[PDB]
Each structure stands twice: as structure tokens, then as C-alpha cells.
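*Asks:* please find the sequence and an experimentally derived structure below.
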Amino acid sequence: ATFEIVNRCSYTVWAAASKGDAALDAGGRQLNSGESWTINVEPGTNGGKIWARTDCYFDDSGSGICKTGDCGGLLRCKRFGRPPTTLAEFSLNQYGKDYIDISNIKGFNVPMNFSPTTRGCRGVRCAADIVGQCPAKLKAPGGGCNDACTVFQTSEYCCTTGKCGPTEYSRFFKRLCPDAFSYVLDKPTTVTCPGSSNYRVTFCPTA
């Protein structure tokens with residue numbers, strides 16, 4: 001499957017694509033404002049995520065730091081990024097279907113549209129100004145809006161017992177982005193697409 005990752009932001013982001021134990025394609029790249037990066041994701045990829053990283057500094061070797069979404073200091077992510085990170089999440093070719101979602105479960109840094117470029121399903125978007133509206137206690141100094149689990153490390157916010165409810169903090173993400181996961185047991189906003197669909201992730205889809 002091909003994912004085109006477009007940075008429509010006015011600022012540089014460093015895209016990342018990982019399934020948690022491995023890079024997807026090259027795993028990361030600098031995207032200036034307007035740049036598009038086309039990656040190939042192996043069919044049957046389960047638990048893939050794409051995100052943006054902000055305010056990165058990498059040396060000649062691809063080693064450095066980002067203020068949001070840093071994946072152990074690498075340009076080319078093998079691992080998932082440090083919250084806060086708006087997440088494009090996908091599992092491909094799962095019994096003939098692709099499953100995509102946007103998640104705010106790990107917070108929000110950059111607004112995002114996650115849309116198929118092939119037919120048979122709709123995209124999802126979280127493009128509200130979550131950073132500007134972010135409650136004081138979730139504001140990441142680095143930039144971005146943390147989820148309550150990352151900040152407070154409670155069973156309720158992290159849903160550790162597999163039982164938990166919405167929270168004042170989850171409801172803030174849900175109010176600004178109804179079509180993204182706000183907490184672990186949120187009513188799924190997963191979209192079902194045909195197996196072997198192709199996708200575009202757009203950072204800053206409206207701005």
C-alpha cells in the first residue's frame with residue numbers, strides 16, 4: 001500500500017512511520033511546507049502508525065531530538081514517538097479489510113487528515129486547534145496537548161484494568177475531534193476500507 005504524506009503546515013515537520021518494533025519504509029523524513037513523501041507499507045501491516053514530529057534537530061548520522069513525537073532520537077523511527085502525537089493508525093489486509101483511524105489517545109501535536117486515495121470508504125480528520133484550546137494541565141511545554149494518561153498515569157486515564165470511562169480530559173479531545181479516539185474505550189471511530197487501499201496523510205489539512 002502507498003501512503004502519500006503531505007505537509008500542508010507552514011512549518012517543517014518530520015514525518016515518522018512505524019509499527020512499533022520496526023520502521024515503515026525509511027521510517028522518517030523531513031517535510032518542508034508543501035513537501036510530499038510517498039511510502040510503501042507491506043500488505044498485512046498490523047498496528048502501523050504515522051505521525052508528525054515538530055522542532056527536530058538531527059546531525060549527519062540521523063540522530064537528534066524532536067519536541068513532539070521523538071522516537072528515541074532517530075530521524076528514521078523504529079519505535080513509536082513520545083506524546084504528544086496525533087496518530088494516523090492503520091491495520092491493512094485484516095481478513096480482506098483495511099482499518100484506519102485517527103487517535104488522540106497519545107495527545108495531539110499537529111492537525112491531520114487521514115483519507116484513502118482509492119475508493120470504497122471515507123477519511124477521518126482531526127483539524128481543530130487542540131493546542132490552542134488545550135487545558136492548562138495537558139499543555140506540553142515542548143508544544144502540543146498531552147493526553148491525561150501521559151500526564152497523570154492513573155488507571156482511569158490509561159484504562160489499565162480494561163474498565164474506564166470518559167473523563168473531563170478525554171471529553172475535551174472528543175469535543176474538538178469527534179472522529180478521533182479520545183480514550184482507550186472510546187466508541188470506535190475506526191473506518192473500514194477495502195483491503196489494499198492507498199492513503200494520504202495530510203498534516204495541517206485546512207491551515
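*Replies:* Yes, it's here. Numbers count the residues shown, from 1 in each chain.

*Asks:* ok, what's across the strand from residue 51?
*Replies:* The bridge-partner assignment for residue 51, based on DSSP bridges, gives residue 16.

*Asks:* residue with max distance from the center of this protein?
*Replies:* Counting by C-alpha atoms, centre = their mean, the extreme residue of the chain relative to its mean C-alpha position is residue 60, 26.3 Å from that point.

*Asks:* what about that residue, which SS state?
*Replies:* Local secondary structure at residue 60 is given as coil here, using DSSP: H, G, I helix; E, B strand; the rest coil.

*Asks:* select the longest helix from the protein.
*Replies:* Longest helix of the chain, by residue count under DSSP state H: helix 168-176.

*Asks:* what's the first helix or strand after that one?
*Replies:* Proceeding C-terminally, helix 168-176 gives way to strand 180-181 as the next helix or strand, assigned by DSSP states H and E.

*Asks:* check which helices and strands that next one sits against.
*Replies:* Where contact means 3 or more C-beta pairs under 8 Å, 6 or more residues apart in numbering; DSSP states H and E, strand 180-181 is packed against strand 97-103. Any C-beta I mention is one placed from the backbone N, CA and C, and that applies to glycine too.

*Asks:* excluding its backbone neighbours, what's nearest the most centrally placed residue in the chain?
*Replies:* By C-alpha atoms, centre = their mean, the mean C-alpha position of the chain lies nearest to residue 87, the distance being 1.4 Å. Once its chain neighbours are removed from consideration, residue 87 has its nearest residue in residue 103; the separation is 4.2 Å (C-beta to C-beta, 6 or more residues apart in numbering).

*Asks:* hmm, back to that, list the buried ones in the longest helix of the chain?
*Replies:* The neighbour-count check on helix 168-176 (16 or more other C-beta atoms under 10 Å) flags 169-170, 172-174, 176 as buried.

*Asks:* please apply the same query to stretch 152-165.
*Replies:* Counting neighbours by 16+ other C-beta under 10 Å, one finds that the buried residues in stretch 152-165 are 156-159, 164.

*Asks:* quick check: end-to-end length of it?
*Replies:* For stretch 152-165, the first and last residues are 15 Å from each other (C-alpha to C-alpha, to the nearest Å).

*Asks:* then stretch 106-120?
*Replies:* End-to-end span of stretch 106-120 (C-alpha to C-alpha): 28 Å.

*Asks:* buried residues, that stretch. List them.
*Replies:* Going by neighbour count (16+ other C-beta under 10 Å), the buried part of stretch 106-120 is 106-116.

*Asks:* Serialize those to a markdown table and add fields for distance to residue 70 and secondary structure.
*Replies:* Formatted as a markdown table, the entries for the buried residues of stretch 106-120 read as follows, by distance: C-beta to C-beta, whole Å; DSSP: H, G, I helix; E, B strand; the rest coil:
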| residue | distance to residue 70 | secondary structure |
| --- | --- | --- |
| 106 | 13 | coil |
| 107 | 13 | coil |
| 108 | 16 | strand |
| 109 | 11 | coil |
| 110 | 14 | coil |
| 111 | 19 | coil |
| 112 | 18 | strand |
| 113 | 23 | strand |
| 114 | 21 | strand |
| 115 | 26 | strand |
| 116 | 29 | strand |
